[PDB]
Amino acid sequence: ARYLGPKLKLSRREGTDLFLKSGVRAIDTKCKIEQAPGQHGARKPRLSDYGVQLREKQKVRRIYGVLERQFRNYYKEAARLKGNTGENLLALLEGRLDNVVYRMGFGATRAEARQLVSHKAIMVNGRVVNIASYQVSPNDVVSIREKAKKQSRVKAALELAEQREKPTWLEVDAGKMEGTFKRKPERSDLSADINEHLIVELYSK
Amino acid sequence: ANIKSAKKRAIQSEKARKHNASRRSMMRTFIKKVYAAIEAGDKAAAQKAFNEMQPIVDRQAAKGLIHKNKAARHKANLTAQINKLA
Amino acid sequence: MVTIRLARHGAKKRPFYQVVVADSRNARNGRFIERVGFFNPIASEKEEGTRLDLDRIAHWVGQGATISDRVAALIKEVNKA
Amino acid sequence: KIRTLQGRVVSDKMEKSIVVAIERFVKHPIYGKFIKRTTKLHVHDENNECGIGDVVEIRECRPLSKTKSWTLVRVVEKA
RNA sequence: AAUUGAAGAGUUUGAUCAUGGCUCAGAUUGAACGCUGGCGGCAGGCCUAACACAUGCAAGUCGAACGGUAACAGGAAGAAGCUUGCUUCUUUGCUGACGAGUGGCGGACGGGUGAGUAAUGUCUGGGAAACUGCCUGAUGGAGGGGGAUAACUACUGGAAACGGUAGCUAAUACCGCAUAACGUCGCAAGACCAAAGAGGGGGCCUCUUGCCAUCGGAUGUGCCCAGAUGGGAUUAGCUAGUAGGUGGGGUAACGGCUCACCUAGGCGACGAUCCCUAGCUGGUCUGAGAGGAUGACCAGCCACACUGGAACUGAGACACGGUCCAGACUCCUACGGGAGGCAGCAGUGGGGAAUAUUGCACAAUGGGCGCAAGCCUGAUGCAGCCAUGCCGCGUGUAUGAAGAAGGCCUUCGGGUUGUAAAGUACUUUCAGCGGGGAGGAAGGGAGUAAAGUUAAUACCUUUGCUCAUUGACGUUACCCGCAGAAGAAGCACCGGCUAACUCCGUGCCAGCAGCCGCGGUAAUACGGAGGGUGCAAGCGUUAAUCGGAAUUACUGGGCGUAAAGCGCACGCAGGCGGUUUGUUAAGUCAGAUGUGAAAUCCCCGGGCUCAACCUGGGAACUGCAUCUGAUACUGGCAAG
Ligand SMILES: [Mg+2]
Ligand SMILES: [Mg+2]
Ligand SMILES: [Mg+2]
Ligand SMILES: [Mg+2]
Ligand SMILES: [Mg+2]
Ligand SMILES: [Mg+2]
Ligand SMILES: [Mg+2]
Ligand SMILES: [Mg+2]
Ligand SMILES: [Mg+2]
Ligand SMILES: [Mg+2]
Ligand SMILES: [Mg+2]
Ligand SMILES: [Mg+2]
Ligand SMILES: [Mg+2]
Ligand SMILES: [Mg+2]
Ligand SMILES: [Mg+2]
Ligand SMILES: [Mg+2]
Ligand SMILES: [Mg+2]
Ligand SMILES: [Mg+2]
Ligand SMILES: [Mg+2]
Ligand SMILES: [Mg+2]
Ligand SMILES: [Mg+2]
Ligand SMILES: [Mg+2]
Ligand SMILES: [Mg+2]
Ligand SMILES: [Mg+2]
Ligand SMILES: [Mg+2]
Ligand SMILES: [Mg+2]
Ligand SMILES: [Mg+2]
Ligand SMILES: [Mg+2]
């Protein structure tokens, strides 16, 4: 129900940084990021169009740490919701509580944010929520519980987030360890490297 | 019967069957008297038998042995037959 | 006869009652004539945990329908017991 | 109004009874073509007024025999 | 706001285009099997033998209808050891009560199953000739008598089951009589028809409740019609109560429902009859849709209750745990004769690829009886078992080059498994252990005060007010502490389709395989390994449905040569119909009204920490009927 294996294999297969490490070091100094894993990694056998769609889907899944059944349900919800299906899917993924905890800088990675959520360190609107997939809505306040404010993990994670592009759809107070989900991100707020139409097409087959 | 109330019900409905059968035989006998008098051609005897029967069918309808519609049917049929006779 | 009673819906350990008008011989969750409200015994604060169509209820009552004890208590409570 | 049906007498060989073919124009549920469909009704004809070929207006009534639950209203146009 | 909706690929050939079948990728399930398996929430769980069933339980209740008193728990009248307290007494329907019995109501519900049924069913919409316990509105009545009969007693028959005889006794059991219309019959005059008491209180009265009649309501049910609802024409004729009429009978009611007579009809290529199969619907799965497939759970309708048949009682049954008969089977027997029906809930055997506990509780909701208290309730609420599904979560999180050891490959340089381990620093969800602790408990019972009733401060009824209490689940949800990464990862695949490649082992063998195919020494296709890919507490396989299949083509295909124009023609039924005017308003179109159950789907919200689940309003239910309009087109009619 969670991927527990080596992390940089996933990035190396996707051929890009999935941000599955804290980012204290460059991912180059920890692995051969330009080479796919395994004995025949250096090879680069032509990828079919199906392969391209599959790899895009897997890359987004692995960024956010979502298994296939949950991800498929996300696609179904995005298709049901009014508007652009791929943008809806990205918005749903960004709304996850573990992802929001990471985006506010409380967790060094999304897996650390997930553990913070799971281990009951996170409050949404003053109430403990330990569900990683909980959907945060606009104007919600996400805070570190008082018992967890002394954790060195969280201070280090806030330091790390200081050295990333700050999301504009959130408002974090690193002193009180509180953040506000102002609005759902638009597509411009998310990376232009994600090609979500490929995921939509994959699931529409 | 396996259930106590079912055994009591069987006894009670047998008792009622005997009671009802006696009453129903009596009422049918009086109706048949009216019909026999009609067939013989005797109006006066037919009317006398009808006057005997009428309270009986009315009372048996009041007691639920027959529906009041059935008593009304017997009265109407016999009256129509008796009147169309002379 | 015609009764006004509670049909037990919802989920296990979390009952939700529909207030129905029914021939009393029918099953509790079966055939009914008209639904005239609901009662949520575990409704949260700010939630409307009871709604009754008192006009329809009075129409059926002035027409011979009896009222179960729970529904009678609910009618009294909609009128501030 | 009174609900009525109009149709062609196809048999009058019964005493006080006739058979009336009622015609309806219905769209086919699959192909969409409007097609003609016939309903045959045993109708009570007191006075034996109707002949084979007349067009009669009929109406529904209580059962009068095993197969009769319709009665004559009038002959709209005679044969 | 509530229709954001539509992908192909492989394979015929030396190659090509087309045609065309086969096959695959998807989604789904009451699944089963193999490998594996941590937790929880919610749901689901005999699809086969409508096979046979051990055992327990699934329908009672009312003493406020009645005679009563078996038992008890006492209040009285009379009684023995030997603790000066005391049993033990013995009696007594006096009292609370209550076994058996009469009586009332229930047992027609609830629950099960899908055998039968292709239309006495079901669905949608109309309808007329009906009955309807309990509930409810109105108006009146509610007098005065009688004969019994259980129980009980005595005797008596039978192994038993079950009876027989005689004598007592009661009623809200039963039956006359009276009374008798706005009831029934009758054109009318007339004639005729009912009933029951019981409880609480009181200086017979009053209150409550029950009883009878009639007409209403409501609910339920019976009946009728039209359209719809599988397959087969290598089933084309079927039918004599048959079709209709008249009269009698019959039913709650119309009706060949039945009978007598008369007429000779009735059904059928718009598919009758016959044969095969089948419970129907809301819906469910699939699909862009139109369709196709389907009817498990949930809800509506129907049918059935060992098999065949029958009626009785009753408001209601031709009656799952009633009666009678017959049959098969099982059992008891003293051999004469008797007993039984899990397709209620558990459960057993059996059949099967396969489907669970002989559990807890009436606390809640509902049902029966009761004035109530309450009793009953395998309905139901829960619990148990099972990864059967859906959903959620965990199995750690940082950091870590020594790019360690081993494995594997190697062109012998190295590459890879690799930040993966280890090491270091953290976090404790869930599981374990301790403590804390909601909500589903609304009522009901006692007193109390007012009314509101009366002769009455009384009974009783409504309100408030006080008291003490009511939870099966249950060691509940949930919350807080404790210890420590500890207790938690597998399954399929890697020739193309199709994401994922190499070495050794084998040598047309062993074997694989959905299709195309692979294997005969240099196999990414067999087998093991290393590496990898996809899913993940599951993963695969099989079965089965729709999709892809525009491959039955309505949407949406073809027929010169690929399969396909009858050898040719005439022609009935049928389909179709030049042009103008009038009329009609059937089709068609517009609006409205009724209906289209709820659930489900969809949209918007709301509740469970989220989700699944639950849930409030909407939309939708594309249909049908009716009414009112429109008149271009189609149809009818009239004139050209
Ligand atoms: Mg899961
Ligand atoms: Mg008929
Ligand atoms: Mg009586
Ligand atoms: Mg009298
Ligand atoms: Mg069958
Ligand atoms: Mg299609
Ligand atoms: Mg079907
Ligand atoms: Mg009867
Ligand atoms: Mg029964
Ligand atoms: Mg049984
Ligand atoms: Mg059973
Ligand atoms: Mg077996
Ligand atoms: Mg019992
Ligand atoms: Mg409580
Ligand atoms: Mg490939
Ligand atoms: Mg080899
Ligand atoms: Mg098709
Ligand atoms: Mg073709
Ligand atoms: Mg040829
Ligand atoms: Mg040819
Ligand atoms: Mg030719
Ligand atoms: Mg010709
Ligand atoms: Mg024309
Ligand atoms: Mg019209
Ligand atoms: Mg609906
Ligand atoms: Mg919410
Ligand atoms: Mg809704
Ligand atoms: Mg015209």
Side-chain angles (χ1 to χ4, degrees), chain A residues 1-2 4 6-8 22 24 30-31 37-41 48 50-51 54 67-68 79 82 85 108-109 111-112 115-116 118-120 127-135 151-153 204-205, chain B residues 1-3 5-6 9-10 12-14 16-17 19 51 54-55 58-59 61-62 67-72 75-76 79, chain C residues 1-2 5-8 10-17 23-25 27-32 35 38 40-44 47-48 63-66 68-70 73, chain D residues 3 13-17 25 30-32 34 37-39 60-67 69-70:
Chain A
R2 290 188 53 236
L4 299 177
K7 251 65 70 169
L8 295 182
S22 59
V24 275
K30 286 186 76 79
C31 71
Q39 153 171 11
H40 314 276
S48 59
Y50 165 67
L54 170 66
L67 288 203
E68 176 61 23
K82 286 184 195 91
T85 302
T109 65
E112 189 161 80
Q115 184 169 88
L116 280 163
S118 175
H119 287 187
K120 306 199 191 241
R127 298 185 272 300
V128 173
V129 179
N130 82 310
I131 302 306
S133 52
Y134 177 97
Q135 281 293 311
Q151 295 195 17
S152 296
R153 311 199 297 194
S204 315
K205 99 184 253 173
Chain B
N2 312 115
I3 305 264
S5 84
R9 274 295 184 179
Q12 294 182 323
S13 63
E14 180 46 16
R17 182 198 71 77
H19 183 81
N51 298 359
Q54 168 183 39
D58 282 343
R59 181 172 306 115
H67 200 276
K68 84 170 55 150
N69 288 355
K70 184 161 163 61
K75 278 183 287 175
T79 280
Chain C
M1 95 282 291
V2 178
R5 54 189 188 192
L6 299 189
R8 158 69 195 258
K12 170 172 114 174
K13 298 288 194 164
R14 260 177 92 71
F16 188 92
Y17 297 103
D23 172 352
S24 55
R25 301 169 287 184
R28 180 197 69 198
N29 287 11
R31 188 169 152 172
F32 61 93
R35 186 203 95 129
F38 63 84
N40 184 354
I42 66 167
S44 78
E47 222 179 352
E48 185 197 0
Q63 177 156 286
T66 74
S68 65
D69 304 333
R70 198 57 179 270
Chain D
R3 193 153 335 181
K13 316 182 127 183
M14 287 183 280
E15 296 173 285
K16 318 197 176 80
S17 312
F25 207 50
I30 300 128
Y31 314 126
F34 293 73
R37 297 262 96 189
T38 313
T39 287
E60 198 190 335
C61 60
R62 50 161 253 270
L64 309 158
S65 74
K66 161 170 203 205
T67 80
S69 296
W70 292 76

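Protein chains get the first letters and strands the later ones, always in sequence-line order, with residue 1 at the start of each. Quick note: numbers below take in every heavy atom, side chains included, and nothing from hydrogens, waters or symmetry partners.
Counting atom types as modelled, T39(D) pairs no side-chain N or O with a base atom of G227(E) as donor and acceptor under 3.5 Å. Applying the 3.5 Å distance criterion, the base of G607(E) shares no donor-acceptor pair with the side chain of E47(C). Interface remark: the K13(C) side chain does form a donor-acceptor pair with the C473(E) base, using a distance-only criterion of under 3.5 Å. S152(A) contributes no side-chain N or O that forms a donor-acceptor pair with the base of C426(E) under 3.5 Å. For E15(D) and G245(E), a side-chain-to-base donor-acceptor distance below 3.5 Å is absent, hydrogens and geometry of angles not being considered. A donor N or O paired with an acceptor N or O is found under 3.5 Å between the base of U365(E) and the side-chain atoms of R28(C). Between the side chain of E112(A) and the base of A398(E) there is no donor-acceptor pair of N/O atoms closer than 3.5 Å.
Within 4.0 Å (heavy atoms only), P6(A) reaches sugar-phosphate atoms of the nucleic acid but no base atom. When heavy atoms are screened at a 4.0 angstrom cut-off, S5(B) is found touching base atoms of the nucleic acid. Residue-level contact check: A6(B) touches the bases, meaning some heavy atom is under 4.0 Å from a base atom. Within the 4.0 angstrom heavy-atom criterion, base atoms lie near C31(A). At a threshold of 4.0 angstrom between heavy atoms, the contacts of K13(D) are confined to the sugar-phosphate backbone, with no base atom among them. At the heavy-atom level, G30(C) lies under 4.0 Å from the strands shown only through sugar-phosphate atoms. At a threshold of 4.0 angstrom between heavy atoms, the contacts of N51(B) with the nucleic acid are absent. Counting non-hydrogen atoms under 4.0 angstrom, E48(C) reaches nothing in the nucleic acid. Within the nucleic acid shown, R62(D) comes within 4.0 Å of at least one base atom, counting heavy atoms only. Counting any heavy atom pair closer than 4.0 Å across all strands shown, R2(A) reaches a base atom.
The aromatic ring of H119(A) does not stack onto the base of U428(E), failing the criterion of a centre distance under 5.5 Å from the six-membered base ring together with planes under 30° apart.
Sugar pucker of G437(E) is north, as judged by a positive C1'-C2'-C3'-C4' dihedral.
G256(E) and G265(E) have their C1' atoms separated by 14 Å, given to the nearest Å. For the P atoms, the distance from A25(E) to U541(E) is 9 Å, rounded to whole Å. Taking the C1' atoms as reference points, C207(E) lies 15 Å from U462(E), given to the whole Å.
Regarding contacts with the backbone of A442(E), a side-chain N or O of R70(C) is found under 4.0 angstrom from either OP1 or OP2. The phosphate of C42(E) has OP1 or OP2 within less than 4.0 Å of a side-chain N or O from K12(C). Phosphate proximity of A194(E) to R59(B): present, with a side-chain N or O under 4.0 Å from OP1 or OP2. Phosphate proximity of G314(E) to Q12(B): absent, as no side-chain N or O sits under 4.0 Å from OP1 or OP2. Close to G367(E), at under 4.0 Å from its OP1 or OP2, lies a side-chain N or O of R5(C). Distances shorter than 4.0 Å separate none of the side-chain N or O atoms of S13(B) from OP1 or OP2 on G322(E).
Distance, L116(A) CG to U397(E) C1': 9 Å, rounded to whole Å.
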Please tabulate the protein-to-nucleotide N/O contacts below 3.5 Å involving nucleotides 217-221 of chain E, giving atom names and distances.
unit_1, atom_1, unit_2, atom_2, d
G217(E), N2, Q63(C), O, 3.0
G220(E), OP1, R31(C), NH2, 2.8
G220(E), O4', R25(C), NH2, 3.3
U221(E), OP2, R31(C), NH2, 3.4

For nucleotides 284-293 of chain E, which of its nitrogen or oxygen atoms have a protein nitrogen or oxygen under 3.5 Å away, and what is each distance?
none

Distances under 3.5 Å between protein N/O atoms and the N/O atoms of nucleotides 479-481 of chain E, please, pair by pair.
unit_1, atom_1, unit_2, atom_2, d
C480(E), OP1, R145(A), NH2, 2.6

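For an aromatic pair to be called close, the ring centres must be under 6.0 Å apart, and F38(C) with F16(C) satisfies this.
In this step of the strand, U12(E) does not stack on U13(E), since the centres of their six-membered base rings are not under 5.5 Å apart with ring planes meeting at under 30°.
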